[PDB]
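Note sheet for the following structure.
Position 1 is the first residue of the sequence, and the numbers go up from there. Values below: all heavy atoms of this structure, side chains included; hydrogens, waters and symmetry mates excluded.
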Amino acid sequence: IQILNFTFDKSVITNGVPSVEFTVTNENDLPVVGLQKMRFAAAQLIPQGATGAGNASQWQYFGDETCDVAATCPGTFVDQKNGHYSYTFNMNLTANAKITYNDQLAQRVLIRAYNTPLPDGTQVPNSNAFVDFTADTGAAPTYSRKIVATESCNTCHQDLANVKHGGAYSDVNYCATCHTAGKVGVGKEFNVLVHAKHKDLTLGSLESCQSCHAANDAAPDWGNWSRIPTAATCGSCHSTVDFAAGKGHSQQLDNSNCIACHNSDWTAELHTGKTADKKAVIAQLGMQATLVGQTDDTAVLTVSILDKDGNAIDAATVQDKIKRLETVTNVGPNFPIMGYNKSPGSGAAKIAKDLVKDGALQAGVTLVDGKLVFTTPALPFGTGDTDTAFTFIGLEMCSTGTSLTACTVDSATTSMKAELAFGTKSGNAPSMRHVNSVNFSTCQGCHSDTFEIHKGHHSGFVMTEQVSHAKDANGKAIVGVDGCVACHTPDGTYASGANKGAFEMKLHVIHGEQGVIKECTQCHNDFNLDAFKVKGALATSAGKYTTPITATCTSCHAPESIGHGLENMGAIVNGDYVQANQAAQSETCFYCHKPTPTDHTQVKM
Ligand code: HEC
Ligand code: HEC
Ligand code: HEC
Ligand code: HEC
Ligand code: HEC
Ligand code: HEC
Ligand code: HEC
Ligand code: HEC
Ligand code: HEC
Ligand code: HEC
Ligand SMILES: [Ca+2]
Ligand SMILES: [Ca+2]
């Protein structure tokens, strides 16, 4: 009813005719009786090297038959009324026009169970199953082609049904069997197509082979990614090489020699080297910062560089290697009151100060006890949350390989661990933004753990435990994105609302247009709806403001699409600063809306 579990009991080829017997149960192992529509496919696997030295294993797709109990069925389908079924193909494999059936080769039968309901009305989910067997005894074959696991693709896609063919196939093994030479066109074989669909994408985790190639119990042949080099497969990314013509490479007329030069150790290390280089550079320094508010409302910022063990070092040791040490200071971690530009409320803009640029100290920056010190302009310190000033800090070093090097004109650079510091004018404990609803760990599956956020026009920010100030239910440090509000203020970024700069909207906007984002749980462990109590209005266009719940939901929902309207609910859409802020705690949305990350559309009627 929710899950279909297929357990195969007998799978053989009898004089060229494939036959399969299997049992179907649901999630709680209850027999499923009365299945109505299923498609059966047959294939066989050419072993590694069989078509030529160095050639990969290769599926041969005999074809498929669709069985509808209420209509046509080419084969013989038997419902034994206890959860056990049998299907005997109409096909004889010896009669295949393109493939030479060989009863010594490993065989495979695949099943797609359609979502046709049982006769009593019970709903059936679309399902995939497959079995691998030797033709005569039906036992497990001695060779296979299980390289990638559906779980790896699901890290980004959640369900492979989303990517092609109207949701028919959710098991990657089903894709890899059909996507083979002789069935799809040249270039559509799976060892070529998936490379070509990702090699030109910016998403961070795709820069590593391990995003699809890792150890998995469902993928015994997973090591083939470095051990089976082939002209077609390696050339799927190296598309400008012509091995037959010897262009961009010595001439290779076949695959017989690739592995003699391209041993798996070398292939693995050279494709994992840049990521491993970046990790070795990032591990080399840390940062500890302090922020102390003064009587004249200025704030003293002290930044100490640490070594790999966490011990402070004299910042002059590494100064000539610092490309940019970037700091941003704001007030009010739970709702910043300094805009990116001057706020309509405080009249104050965030303090953006580089401490070091191209190895040179900047104005007002001094070395004291090997630490970096800078005094900010006067800040709009106030009561409550506005007693706390906070600074988000990025550090970009010049690097080569696994080492920090002095900065030159064309030097490569690496973003280091970002730092987040808090301070007060009163001297009481600082306030801090909530982090209990967005955990940066959920970002790393798509973006990797070396996400250099805003590398390019900024120093770059790598989010680690270095910015953590809370622990989760299991005592593990929470890495939050709360530092980002230093620039993503309620008043926007540089366009003062025209780009919906506020962090409450910014990630919804940029991800609302991405197909791989489909559920709130891809970033949310929870919703902190209480945080709206401490929010004012957000700038949703240049100089115009919107009550905070409405501003958040309208990141993705056009305001006019909300049928019940917003005037009756206490909200203001692109109004005056004071007007919108006056109505900020008048929104009635949560009297009816009870969103959870799993289903945020829940309403109390
Ligand atoms: C994150 C690092 C990903 C992993 C792991 C896998 N895929 Fe992917 N895929 C990803 C992105 C960002 C895109 C761009 C298209 C989009 O807007 O989503 C894709 C694209 C594809 C496609 C192209 C057709 C499509 O539906 O987009 C295919 C056929 C595809 N992906 C399949 C696929 C398979 C089989 C994977 C496991 C081997 C897999 N993807 C992993 C992101 C990521
Ligand atoms: C046979 C029953 C198939 C299975 C199972 C899967 N695919 Fe498929 N796909 C198939 C064909 C015949 C074609 C047309 C290509 C041709 O030879 O003319 C496709 C097409 C695609 C494409 C687009 C190809 C391109 O644009 O270059 C993609 C990206 C694709 N298929 C991906 C894909 C995935 C992710 C599958 C598992 C969910 C999958 N295919 C299964 C045949 C069959
Ligand atoms: C997979 C479903 C993702 C999750 C989980 C997260 N992000 Fe994402 N993000 C994803 C895609 C496909 C894109 C488009 C850009 C691309 O590389 O294709 C983005 C975009 C961003 C950006 C834009 C700037 C950039 O570097 O591209 C940022 C800053 C960003 N995402 C941050 C981010 C955060 C903080 C996440 C956890 C809360 C997160 N992403 C998760 C895919 C996915
Ligand atoms: C997901 C987007 C992938 C990324 C990232 C990388 N590879 Fe891949 N690879 C992927 C698929 C879906 C397949 C085909 C699996 C099948 O059953 O057909 C492959 C295959 C290979 C192979 C061939 C293995 C063989 O024929 O036995 C090799 C040698 C290979 N991949 C190498 C490789 C490298 C070096 C990568 C990083 C640079 C890499 N892959 C990334 C999917 C994905
Ligand atoms: C010894 C004579 C080799 C044989 C046989 C094969 N390869 Fe090769 N290859 C070899 C070297 C010394 C290099 C350069 C390595 C470097 O770090 O500079 C290469 C290069 C490649 C590449 C990358 C090409 C590029 O990036 O422009 C690929 C994709 C490649 N080789 C694949 C490959 C294949 C498929 C082979 C069998 C047909 C093969 N190599 C054989 C050395 C040798
Ligand atoms: C000031 C130095 C900033 C810091 C700190 C952060 N961001 Fe930023 N970001 C900044 C500007 C001026 C802009 C362009 C205008 C706009 O608001 O869109 C951005 C943009 C983004 C985006 C949108 C995609 C893009 O154009 O890059 C995203 C998704 C984004 N920023 C995310 C983000 C995160 C997660 C941050 C904390 C690690 C962060 N930004 C900090 C300026 C600044
Ligand atoms: C990652 C790309 C996200 C996706 C997917 C969704 N949300 Fe989100 N949300 C994200 C960030 C970075 C923030 C800001 C955190 C902060 O400190 O300000 C938010 C915030 C919200 C809120 C505010 C309440 C809170 O917990 O802070 C709400 C109510 C919210 N987001 C709703 C929401 C819904 C309904 C989503 C699915 C459609 C959803 N978010 C996805 C990042 C991401
Ligand atoms: C992008 C990350 C979104 C945010 C932020 C919010 N919603 Fe959403 N919503 C989103 C999608 C992609 C969908 C499904 C497609 C559709 O547009 O219907 C929804 C759906 C809803 C629904 C149910 C559909 C309906 O017609 O009522 C509701 C009731 C809903 N959304 C409400 C809602 C609220 C109250 C939000 C702020 C807390 C909110 N959404 C944010 C995308 C996104
Ligand atoms: C009870 C009277 C509600 C109040 C108060 C608010 N919302 Fe609502 N909303 C309610 C229901 C039962 C539905 C679903 C019916 C529909 O026509 O969609 C909605 C719908 C939304 C949506 C999605 C609209 C769509 O996608 O078609 C959004 C984005 C939304 N509601 C937001 C929202 C806001 C911002 C509110 C406070 C200003 C608010 N709702 C109050 C019920 C009720
Ligand atoms: C897609 C991703 C692929 C796949 C399928 C192959 N390679 Fe590799 N390769 C790829 C990239 C993006 C780079 C640049 C370095 C990196 O960022 O990882 C390389 C580099 C190489 C090199 C380095 C030397 C050179 O480029 O001349 C070699 C020798 C190389 N690639 C060979 C190679 C082999 C043998 C492959 C099949 C096992 C192969 N590549 C596949 C991206 C990709
Ligand atoms: Ca810290
Ligand atoms: Ca803006």
Side-chain angles (χ1 to χ4, degrees), residues 1-14 17-43 59 61-93 107-133 138 150-151 153-154 157-180 183-184 218 515 518-519 598-599 601:
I1 181 166
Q2 275 278 125
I3 275 49
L4 284 186
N5 291 324
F6 285 76
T7 301
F8 291 85
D9 309 305
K10 197 199 193 189
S11 324
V12 294
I13 318 277
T14 305
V17 167
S19 211
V20 152
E21 289 161 37
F22 55 101
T23 303
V24 187
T25 57
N26 68 348
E27 45 268 24
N28 300 118
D29 304 17
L30 290 166
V32 187
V33 174
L35 282 161
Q36 291 291 299
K37 192 177 175 179
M38 284 160 65
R39 168 169 295 181
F40 300 88
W59 290 111
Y61 188 90
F62 287 105
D64 46 82
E65 293 162 7
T66 307
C67 192
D68 189 340
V69 170
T72 325
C73 180
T76 306
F77 182 63
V78 181
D79 190 338
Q80 303 174 355
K81 304 336 279 193
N82 46 10
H84 301 245
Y85 297 78
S86 84
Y87 187 72
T88 299
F89 278 73
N90 190 52
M91 277 161 29
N92 189 303
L93 303 186
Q107 308 290 321
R108 174 176 277 185
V109 161
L110 309 94
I111 297 178
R112 179 207 173 174
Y114 288 75
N115 68 338
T116 298
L118 301 191
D120 65 8
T122 311
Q123 291 226 115
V124 181
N126 197 79
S127 297
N128 294 165
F130 67 95
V131 62
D132 293 299
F133 59 102
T150 306
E151 187 178 353
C153 320
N154 283 342
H157 294 292
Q158 313 266 270
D159 188 354
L160 267 179
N162 293 329
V163 299
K164 261 284 165 174
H165 309 299
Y169 318 108
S170 60
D171 194 310
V172 73
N173 292 284
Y174 211 136
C175 328
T177 313
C178 185
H179 263 277
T180 197
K183 176 66 176 174
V184 296
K518 293 203 190 295
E519 308 286 355
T598 301
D599 180 13
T601 81

Validation row: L93, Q107 side chains within 4.5 angstrom (heavy atoms): yes
Between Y85 and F77, ring centroids under 6.0 Å: yes
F89 side chain reached by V20 side chain, heavy atoms, under 4.5 Å: no
Check: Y87 and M38 side chains under 4.5 Å, non-hydrogen atoms: no
Flag side-chain contact, heavy atom, 4.5 Å: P31 against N82: no
Single hit among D68, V69, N115 for side-chain contact (heavy atoms from CB on, under 4.5 Å) with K37: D68
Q80, CD: over 12 other non-hydrogen atoms inside 6.0 angstrom: yes
Close side-chain approach of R108 and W59, heavy atoms under 4.5 Å: yes
Only pairs under 3.5 Å count here: list side-chain donor-acceptor contacts from residues 1-11, not counting sequence neighbours, and write none if there are none.
residue	atom	partner	partner atom	Å
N5	ND2	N26	O	3.3
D9	OD2	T23	OG1	3.0

Heavy-atom pair of closest approach, residues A42 and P18: CB-CG, 4.4 Å
Value rounded to 0.5 Å, distance of CG in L110 from CG in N128: 8.0 Å
Any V124 side-chain heavy atom under 4.5 Å of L118 side chain: yes
Under 3.5 Å donor-acceptor, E65 side chain and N90 backbone: yes
For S127, side-chain hydrogen bond (donor to acceptor under 3.5 Å, both in side chains) partners two or more places apart: none
Side chains of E519 and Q158 in contact at under 4.5 Å (non-hydrogen atoms): yes
Inter-residue atom distance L160.CG - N154.CG, 0.5 Å rounding: 5.5 Å
Donor-acceptor contact below 3.5 Å, side chain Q36 vs main chain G34: yes
Minimum side-chain heavy-atom gap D79-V33 below 4.5 Å: yes
